[PDB]
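# this one's experimental. Sequence and coordinates below.
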Amino acid sequence: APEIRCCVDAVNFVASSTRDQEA
Amino acid sequence: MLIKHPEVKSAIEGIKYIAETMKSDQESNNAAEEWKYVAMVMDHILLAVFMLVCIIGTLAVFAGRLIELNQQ
Amino acid sequence: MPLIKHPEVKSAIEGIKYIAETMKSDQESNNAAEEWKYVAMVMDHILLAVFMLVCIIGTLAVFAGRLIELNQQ
């Protein structure tokens, strides 16, 4: 469960980076 | 030529958003490349046109007197 | 300025973490680059003002004395 949470946070981070670069 | 946590749903939506982003980038690049193809075709035509004019105008400038001198 | 641990799933999870840390380090390096870029822009502004001032000063002071002397005599 913690191992799933860590990769979920990683995926959220790489999504937010793309949103930053599109702005 | 059932795990509905906000973080998991946000990760799912972010992956989807990433895919749609790359799709939009590809769609823009295709039409950019269409314009690039048009410019490339124009350059291939105009290369031949300009080399032809370079030969033809030089000959038209000089042959009118060179042929007269050869006849003389 | 269920328990499905398997050698191929663990690679995917670790690689996702690697991807995140990769774009984290890239963001840090990029920001450190924009700092120097901001510095260079600031010197550009300052030296634009300085060089236009020196251009005006040189167009004036070289020709100032002989123009005012001719105005007077």
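Looks like it came in fine. Numbering: from 1, shown residues only, chains lettered A, B, ... in the order given.
# helix, strand or coil: sort out whichever residue of chain A sits closest to chain C for me.
Nearest to chain C in chain A, going by Cβ to the nearest Cβ, is residue A:10, at a distance of 3.8 Å. C-beta here means a position set from N, CA and C on the backbone, and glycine is covered the same way. Judged by DSSP: H, G, I helix; E, B strand; the rest coil, the three-state class of residue A:10 is helix.
# what's the helix or strand for the residue lying closest to it once chain neighbours are set aside?
Leaving aside its sequence neighbours, residue A:10 sits nearest to residue C:20 (Cβ to Cβ, 6 or more residues apart in numbering or on different chains; 3.8 Å). Applying DSSP states H and E as the criterion places residue C:20 in helix C:7-72.
# which elements pack onto that helix?
Applying 3 or more Cβ pairs under 8 Å, 6 or more residues apart in numbering or on different chains; DSSP states H and E, we find helix C:7-72 packed against helix A:2-22.
# what residues does chain A have near chain C?
Neighbours of chain C within chain A, by Cβ under 8 Å from any Cβ of the partner chain: A:3, A:6-7, A:10-11, A:13-14, A:17.
# ok, of those residues, which come out buried?
A:7, A:10-11, A:13-14, A:17 (16 or more other Cβ atoms under 10 Å in any protein chain shown).
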